[PDB]
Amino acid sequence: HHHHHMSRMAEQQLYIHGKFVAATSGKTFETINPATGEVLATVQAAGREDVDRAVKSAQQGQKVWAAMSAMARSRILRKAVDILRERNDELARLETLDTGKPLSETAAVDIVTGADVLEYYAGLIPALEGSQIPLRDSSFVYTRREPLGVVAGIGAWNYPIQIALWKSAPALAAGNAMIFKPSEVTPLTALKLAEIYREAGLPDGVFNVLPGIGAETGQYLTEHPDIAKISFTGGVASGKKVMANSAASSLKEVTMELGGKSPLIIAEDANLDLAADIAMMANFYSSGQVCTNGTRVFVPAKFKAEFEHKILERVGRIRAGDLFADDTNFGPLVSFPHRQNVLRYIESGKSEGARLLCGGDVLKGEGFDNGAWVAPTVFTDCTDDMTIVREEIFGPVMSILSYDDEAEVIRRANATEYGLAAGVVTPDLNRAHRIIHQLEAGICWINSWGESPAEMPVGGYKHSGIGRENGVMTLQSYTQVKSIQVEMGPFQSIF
């Protein structure tokens, strides 16, 4: 299968105030198709003046948007939902080109669940209420949940348009304008989202999109004095940088969704076909590039051998290939530099004495040699001090760890600075709830993995995050509380 050269797209511009506009930075970058190594597009990088221009546009649009009725805002966000449903397949193809994730994932998950969250928040806008508190017959307090104003979202590359929707949906539903910076690795679908919002009737300026580099555009947003909140999804290290600068510049509210090393606990009474199916879904979806992945799989010592056989069987079914083929369920990694990092982790697994159950190398041959492919990889005989066990790899690398008793596995599951997700496989009522209640993670799955309903707040304990996304609480967290006391009695001064 040849004659498959794809030409590059038109140069991608910034989106400010309901239109595409040239950056004033004079700088551009390129986004690559990780399946081919070909340039997808040249993209303009927002400079400091561009960020200033976006903030003033956002301030102007926010005023229009917040003065509307609640239901007028709901109807506009619902119209964007309708367009996203209609354009699901077109957007999924673009996301696949930009990220390397199989169309079988992007057409089923990325836009579907992004729009699910926007649809959820659209319906909740009229239910955003303050409080009233009587103090005495002559005085009472009431509160308003006011927009923060202009907020910024900084996206990650593994779920580009989904992250854009999960950040912008509650921000807009709460009456804010959002300036969104997509990952420089994956800028394309965020620009499509901006056009869709405008087409749905969103006032100009309420969702502006500034592609750029993290050290530049991202920093300018975290530093801007008129941005009230930053929401960041990305790596633990970059999170530390964003959180510091948002403080050291102007005191902003913050949300951070970072990575993890999430444990999957297989109990002694688990069905091992179910356990293996869960472990597969917790490690090899999106080629292992998922923050919540269950990359430390704890198996009772007495079941380890049988569990390894069941994992080997299922790994052998994984279908790498043409990302637009229906039956493909595994893609290359997002970039060649990322593959180099994943390969360094795999080599450290080998050199530290873990047993390679399968994989451990790049894929080779016609069609794979030009993509950033890593074979699905499983290490076993792992110990808690190994680098591959302690550190997030963000590739298709499962670590299997044996354990003897429940107290032990809880200790070892929690013995980490991460705390994003966790799960248990057990048919037993008491074991399921008892174990989960003791795990130090924000997102816990019993006898499943990976579902993230719009209703369910998600985020990390410890170094895996600050704040939450989704759920009613995240609509509220994009407002700020104003307390107002009405004193109807005579005011007494002591002077």
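Note that residue numbering follows the sequence shown and begins at 1.
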When the C-alpha temperature factors are averaged for each of 74-82 and 312-320, which stretch ends up with the higher value in the entry?
-> 312-320
Given the B-factors recorded for C-alpha atoms, which segment has the greater mean, 411-419 or 368-376?
-> 368-376
Highest CA temperature factor in the entry: which of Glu146, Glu119, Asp326, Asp404?
-> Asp326
Which one of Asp277, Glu95, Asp385, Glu105 shows the top CA temperature factor in the record?
-> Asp385
Using the B-factor values recorded in the entry, state whether the Cα atom of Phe303 falls in the lowest, middle or highest third among the modelled residues of its chain.
-> middle
Third of chain Cα B-factors occupied by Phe29 | highest
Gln485 CA temperature factor, ranked by third within the chain | lowest
Temperature factor at the Cα of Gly212, chain-ranked in thirds, falls in the highest
Comparing against every modelled residue in the chain, figure out the third that the C-alpha B-factor of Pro170 lands in (lowest, middle or highest).
-> lowest
